[PDB]
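Following: one structure in structure tokens, then a few remarks.
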Amino acid sequence: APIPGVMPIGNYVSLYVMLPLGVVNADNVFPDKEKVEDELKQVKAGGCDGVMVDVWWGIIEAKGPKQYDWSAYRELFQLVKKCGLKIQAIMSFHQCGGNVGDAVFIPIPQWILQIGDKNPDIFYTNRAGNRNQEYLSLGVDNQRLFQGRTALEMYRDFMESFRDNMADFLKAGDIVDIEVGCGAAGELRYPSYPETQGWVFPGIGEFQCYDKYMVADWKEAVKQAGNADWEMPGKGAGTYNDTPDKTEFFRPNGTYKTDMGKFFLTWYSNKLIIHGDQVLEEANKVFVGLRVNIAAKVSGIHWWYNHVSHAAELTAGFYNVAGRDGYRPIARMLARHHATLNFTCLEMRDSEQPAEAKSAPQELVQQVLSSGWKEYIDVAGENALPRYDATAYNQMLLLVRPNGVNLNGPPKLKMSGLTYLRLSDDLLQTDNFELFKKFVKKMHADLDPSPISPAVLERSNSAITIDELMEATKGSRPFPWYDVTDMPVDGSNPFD
């Protein structure tokens, strides 16, 4: 039996905090150095392991192709290191802000956007012909349109430059995680619920495959299946703020369940998996042999999860329905690259969502974490929305150790890390910050903050075919979850 009071260190879950947006600004300057230094000191003194920051493509490569300026990011990283903190860096090949609310606006490089004025099909496009300018469509990953480069080559060259220009932070163990941005907002998904085209929760979203590149690919695919005339979804799919039962495509027994529907949903979800595969392959080639994790971010699309159609999942590109696990194939792709899955919604409870949304964040998290663990990858995560209350912190503590602490060794089920959204004035307010420090102590299994490295990143494994990957869609039971955390922020123990 274990010795009373001894907590095995394998129970510890690292806790990182996301830096404010614009910490390095759109002119590639790091302003308010003193304020930031101060915040970093408070975060460290609260026990946090590190911080996460976006490394914005539209800052670094702004002046032109392969003109990279890493100066301000080096100053920031040096400061974080000096405050005793680890760094998670996001390779952010997407747009920051741009709405009236948003305090910062950083588009992708203007020399890319200029290409888009004359070729709007470089962007994800909805069936009405709206272009999302926040990210380059997967349809252009391998199109040599960008002053002699393809999109994948641009991503590769940027990551190589980052590695070479941060070589000393990488050697010293200061940079611990590279999150590779794979879509708008950095997430591996289609931009199916854009605020800029009027989406409001809990709309079903819209398919984002109408650019001419993805269309040429589709037309070829359906011809080979023996159905030349199958079209992409039309008016039957409805629009962003429909509910599934108001559509033909997503109603019970609707189009999604027809042979044409299944064929379309397979193709659509496979193009997203292939895009992830190609982007992470480039990351693995850059970072192989270094002690750093490489991660992809999958957003938690929890609305309509309890509807037969899983319509919001489907429009986002995750073909997850009864009898078809749409996340496990992503995890298996990730495993090939020795990459980590970063998921969201770790704080959410089903009872917090309106009933009409058919929303099940708890069961979604359980499915996705279970499917990643079954593929022998690490899974990390984030809170989806800002939360400062004990209920939220206790839900995240449940998710990071879904069968609580293990006094005999490392837990059976443990997330590899949590990144908290986000450092702000509200978080540092005296009351909230007090609660937050208890959350961090519980993340650490009541151990003291404890600095060593990620594993050495192995080279990507040999390729498997699309069809071998589809074996991973077989449905399975998720691991059983506890109903409450072991280590609530009030210090009690619900098992005594």
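Note that chain A is numbered according to Swiss-Prot, with residues 2-452, 455-499 shown in order.
Note that Cβ sites are derived from N, Cα and C of the backbone, with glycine treated the same way.
According to Swiss-Prot, the protein has these features:
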type     : residues                                                             : note
ACT_SITE : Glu188                                                               : active site, proton donor
ACT_SITE : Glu383                                                               : active site, proton acceptor
BINDING  : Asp55, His95, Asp103, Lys298, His303, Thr345, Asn384, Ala385, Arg423 : substrate binding site
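Sequence features annotated in Swiss-Prot and their locations in the structure.
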| residue | record | DSSP class |
| --- | --- | --- |
| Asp55 | substrate binding site | strand |
| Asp103 | substrate binding site | coil |
| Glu188 | active site, proton donor | strand |
| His303 | substrate binding site | coil |
| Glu383 | active site, proton acceptor | strand |
| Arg423 | substrate binding site | coil |
*Which Cβ among the recorded positions (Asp55, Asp103, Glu188, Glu383) has the fewest C-beta neighbours inside 10 Å?*
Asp103
*Of all the binding-site residues given, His303, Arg423, which residue's CB has the most CB neighbours within 10 A?*
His303
*10 Å Cβ neighbour count around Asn384 (substrate binding site)?*
23
*If 2 residues are missing between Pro452 and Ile455, how far apart are the two Cα atoms, in Å?*
5
*Max pairwise CA distance, angstrom, over record-listed substrate binders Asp55, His95, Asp103, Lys298, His303, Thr345, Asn384, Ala385, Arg423*: 25
*Reported as an integer number of Å, what is the Cα distance between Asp55 (substrate binding site) and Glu383 (active site, proton acceptor)?*
15
